[PDB]
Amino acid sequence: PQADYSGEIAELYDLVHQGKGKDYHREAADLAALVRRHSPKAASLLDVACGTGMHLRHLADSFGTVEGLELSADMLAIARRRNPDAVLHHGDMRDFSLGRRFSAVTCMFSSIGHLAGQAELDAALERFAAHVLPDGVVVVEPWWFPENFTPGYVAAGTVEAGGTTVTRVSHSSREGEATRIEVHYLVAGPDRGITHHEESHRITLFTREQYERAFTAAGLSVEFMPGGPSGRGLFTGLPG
């Protein structure tokens, strides 16, 4: 049971989230508009935990420079193939140092939840502040806050494309300060038969004030906007 977005799990990622109705084109359009509201001259964007680089692909149409940081080599390989021109980095949002600063540092789809507690979140936000330009914005899509988390939640969905049928079932429970989300897959095709895969993640249920404390310790002013890309809302931060 893996926790590192690798192997076959990485290969299924885009198909499954497409099946669940995720619309990266609309999300990118909205994000780019939000960046330009806070920074009308923005010409550059770093997407941290870029995964398979789906947002970056669309954001390349709005900004002259897009870069990405991704911990998982297998996700990153997909991201690079999708963004063959972009400079994408293999590393860790807790401790990274790129060549430059950007008008927007973004961290989407609750990837920030993969951090383990307040020290790590603080560290990541300090790094984001370190890579943002003075008239820029830091954008973090949080995981659920403890008060909005729904333990016992089961998601199931099946999709097919290109001869491959993929079923994904998730189960979520409370494990201390985090969601434990277990995810099983059945992957079927006419000649390959059926294979079973599993993943299991601890995604931290930070409170709003814990997010805010992280932005604040980084020198960033912080604003929460409810709703956002997944019903989890959006944090925006501005330097100095």
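When you see a residue number, it is the position in the sequence shown, counting from 1.
(request) State whether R180, though modelled here, is left unmodelled in a third or more of the other entries compared. (result) No, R180 has coordinates in all the other entries compared.
(request) Compare the other PDB entries of this protein and indicate whether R36 is left unmodelled in at least a third of them. (result) Residue status for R36: no gap in any other entry.
(request) Taking the mean of the C-alpha B-factors per stretch from the entry, tell me the winner out of 164-172 and 78-86. (result) Higher mean C-alpha B-factor: 78-86.
(message) Averaging CA B factors per stretch from the PDB record, which one is higher: 214-222 or 5-13?
(response) Comparing 214-222 with 5-13, the higher average CA B-factor belongs to 214-222.
(message) I'd like to know which of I203, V187, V183, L59 has the highest C-alpha temperature factor in the PDB entry.
(response) Largest recorded C-alpha B-factor: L59.
(message) Looking at the temperature factor on the CA atom of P142, which third of the chain's modelled residues does it land in?
(response) Its C-alpha B-factor belongs to the lowest third of this chain's values.
(message) Considering every modelled residue of the chain and its Cα B-factor in the PDB entry, is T52 in the lowest, middle or highest third?
(response) According to the entry, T52 has a C-alpha B-factor in the chain's lowest third.
(message) How does the C-alpha B factor of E199 compare with the rest of the chain: lowest, middle or highest third?
(response) Answer is lowest: the recorded C-alpha B-factor places it there.
(request) Within this chain's modelled residues, let me know which third the CA B factor of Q118 belongs to: lowest, middle or highest. (result) Top third by C-alpha B-factor.
(message) Can you tell me whether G193 has a C-alpha B-factor in the lowest, middle or highest third compared with the other modelled residues of the same chain?
(response) Ranked within chain, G193 CA B lands in the middle tercile.
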